[PDB]
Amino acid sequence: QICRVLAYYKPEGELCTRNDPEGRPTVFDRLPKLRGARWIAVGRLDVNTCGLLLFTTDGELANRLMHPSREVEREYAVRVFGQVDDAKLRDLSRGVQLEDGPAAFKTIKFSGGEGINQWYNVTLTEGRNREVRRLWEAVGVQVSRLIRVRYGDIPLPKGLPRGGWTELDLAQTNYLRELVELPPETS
């Protein structure tokens, strides 16, 4: 029946599978147990990737959101080990060649500076598995922590803590259905 959407702040170490016969933590463990409907993940995140992951009860909405007809930026807050040479930044912004062909960061802004380890905020328009890690890897830099903070026009909710979820209201939901050319819900 009604289209519900959740915004979840995935912690590192959680699986994206619906269940694990070992009892290992999954992104579905703390979601609200519904009935007569089923949460569906809008895409997936690597086990070691934190941040925004949408869920929705509506299969069509999930389809159109991870398969957009328009190129969508994904923004990540990245913590990297040690200080990064400026030329390495030039490479990442000009492009490198990895296992699945060339790739590049559409944007690289240096964020905070925690001791010797550095923070960068980067964006990309593709979404090949572990692309962000492999990008930094191809330039000789290991990734410490990786948070997804924005998918297109959708950022992590401000209050929302690590491992928590927030339900979108009808207006926010309809905003999503509009960005994807779906008719608006009325209740």
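Note that residue numbering follows the sequence shown and begins at 1.
- The stretch 119-127 shows the higher mean C-alpha B-factor when 119-127 is compared against 54-62 in the entry.
- Once the C-alpha B-factors are averaged per stretch, 35-43 and 66-74 rank with 66-74 first.
- In this PDB entry, residue 177 carries a Cα temperature factor that places it within the middle third of its chain's modelled residues.
- When the CA B factors of the chain's modelled residues are split into thirds, the value for residue 12 lands in the middle one.
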